[PDB]
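Encoded as structure tokens, the structure appears first; notes follow it.
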Amino acid sequence: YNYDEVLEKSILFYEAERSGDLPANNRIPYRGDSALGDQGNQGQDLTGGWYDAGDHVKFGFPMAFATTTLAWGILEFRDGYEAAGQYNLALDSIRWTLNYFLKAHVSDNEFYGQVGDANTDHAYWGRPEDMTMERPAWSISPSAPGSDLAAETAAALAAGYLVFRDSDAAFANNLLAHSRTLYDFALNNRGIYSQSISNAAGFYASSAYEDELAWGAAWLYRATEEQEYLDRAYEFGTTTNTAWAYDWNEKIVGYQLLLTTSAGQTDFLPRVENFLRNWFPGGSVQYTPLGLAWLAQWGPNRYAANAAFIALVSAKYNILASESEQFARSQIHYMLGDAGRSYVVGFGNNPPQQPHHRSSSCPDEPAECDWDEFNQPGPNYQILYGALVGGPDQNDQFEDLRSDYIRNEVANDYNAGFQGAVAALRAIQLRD
Ligand SMILES: [Ca+2]
Ligand SMILES: [Mg+2]
Ligand code: NA
């Protein structure tokens with residue numbers, strides 16, 4: 001597989017998800033300016049960010065987690081991004097959401113965590129450029145806490161500081177200052193963001209915020225080396241529980257691995273190894289007949305690519321390296337085409353033609369786009385290069401239907417671990 005092309009197209013997927021005022025060098029010809037009215041309740045500019053999935057909601061929790069995970073992969077697998085000619089484009093990719101998080105952090109203890117009503121948004125089928133419905137914006141604050149959302153965004157900002165500090169120190173320093181402030185807000189104003197922003201509860205409900213507090217602390221310790229953050233990581237982290245998955249809701253193995261590798265903390269390594277062995281063949285995750293580690297019907301590709309990412313970070317730091325590399329390669333290669341078809345839109349052999357995705361489902365301007373384009377039985381008019389679809393059922397079956405909102409789903413978080421894993425595999429090619 002051409003990993004250079006996979007990386008190029010994965011970053012193009014994120015570019016096709018951009019909201020707001022698009023740059024002159026926009027590479028997605030069917031996308032234009034959209035949601036230019038996104039704003040806070042006092043008129044604060046909230047334009048930009050990524051649309052979460054095939055919809056036009058800006059869901060701050062997965063948007064931040066996808067950014068943290070992408071930044072981590074850029075830090076660890078820079079050599080693979082560079083070899084692919086995609087390093088500057090990867091930085092541009094996450095600069096987009098990091099700038100959005102800065103806008104959303106309107107004051108020390110207020111942070112906008114959603115733009116768009118998901119009920120209204122999902123009732124619409126059409127271009128983002130054609131939207132006319134109200135797009136409310138909701139924030140977390142001392143009266144409306146969201147320790148999970150705030151600490152995940154702090155994690156993304158601290159990871160961003162580390163990514164950008166050697167090329168754009170003014171940007172990186174601004175990210176770190178806001179990371180510190182947002183993390184203090186998360187620690188001192190405690191609650192579940194999807195209870196305070198209740199519209200999010202039907203879509204990205206957070207089950208617990210303690211793992212985000214440990215994750216944000218671990219990232220701030222990597223960024224600042226200040227003992228108080230390492231203390232916070234032990235305070236809210238677990239050395240006794242093994243993560244079920246790595247994803248936008250569960251940060252456990254993320255901070256365990258981060259503290260083991262970047263911070264040299266040996267107490268967490270047994271739980272990292274437990275996670276890896278649970279996902280490896282012979283573990284606790286069932287594999288489809290054709291070899292996909294299949295955790296659940298909702299975004300199995302996302303869960304497996306996330307585990308592949310964790311495994312490849314582990315291998316880089318010589319944690320079960322041979323087994324981690326073989327497991328990770330097997331999972332990414334399933335998604336690239338090993339079972340007979342690619343699961344990455346616009347890539348490889350017979351890629352998915354009907355991603356559940358509004359803008360790519362619309363024909364070129366000036367043609368009409370509405371629910372006819374949801375229902376139409378053929379391929380999406382635009383190729384959504386790089387999007388990793390949710391994936392097959394537990395028997396490797398995939399119908400490739402736009403109405404299959406489970407298997408044909410695409411989303412920011414689906415590609416986040418995937419993209420870093422591909423960069424890691426590219427880097428291993430340089431090593432060998
Ligand atoms: Ca959590
Ligand atoms: Mg076209
Ligand atoms: Na413009």
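Note that ligands are numbered from 1 as they come in the structure, with each ligand's atoms numbered from 1 the same way. In this chain, numbering begins with 1 at the start of the sequence shown.
Here the Ca ion (ligand 1) is the vertex; the OE1 atom in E212 and the OD1 atom in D211 give an angle of 80° (to 10°).
Scanning both residues, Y343 and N301, for their nearest heavy atoms gives CB-ND2, 3.5 Å.
The existence of a salt bridge linking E373 and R402 is excluded, since no basic side-chain nitrogen approaches an acidic carboxylate oxygen closer than 4.0 Å. At a threshold of 4.0 Å, the pair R232-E228 does not count as salt-bridged, since none of the basic side-chain nitrogens sits closer than that to a carboxylate oxygen. Contact check on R31 versus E129 returns a salt bridge, with a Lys/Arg side-chain nitrogen under 4.0 Å from an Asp/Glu carboxylate oxygen.
Residue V253 forms a side chain to side chain contact (heavy atoms under 4.5 Å, CB included) with just one option from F268, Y246, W279, and that option is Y246.
Under 3.5 Å, the side chains of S361 and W125 contain a donor-acceptor pair of N or O atoms.
For the Ca ion (ligand 1), the N/O/S atoms of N249 include one lying under 3.0 Å. At a cut-off of 3.0 Å, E210 does not coordinate the Ca ion (ligand 1) through any N, O or S atom. For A208, the nearest N, O or S atom to the Ca ion (ligand 1) falls under 3.0 Å. For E250, every N, O or S atom stays at 3.0 Å or more from the Ca ion (ligand 1).
Other residues, nucleotides and ligands contribute over 12 non-hydrogen atoms within 6.0 Å of the CD atom of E226. Within 6.0 Å of CH2 on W298 lie no more than 12 heavy atoms contributed by other residues, nucleotides or ligands.
Residues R165 and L175 have side chains not in contact (no heavy-atom distance under 4.5 Å, counting atoms from C-beta outward). Within the 4.5 Å cutoff, no side-chain heavy atoms of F185 are placed close to those of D108.
Distances shorter than 2.8 Å separate the Mg ion (ligand 2) from the protein N/O/S atoms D364 OD1, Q382 OE1. For the Na ion (ligand 3), the set of protein N/O/S atoms nearer than 3.0 Å consists of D21 OD1, ordered by chain and number.
A cation-pi geometry, defined here as NZ or CZ lying under 6.0 Å from the six-membered ring centre and within 45° of its normal, does not hold between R190 and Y209.
The aromatic rings of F65 and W215 are tilted relative to each other, their planes meeting at an angle between 30° and 60°.
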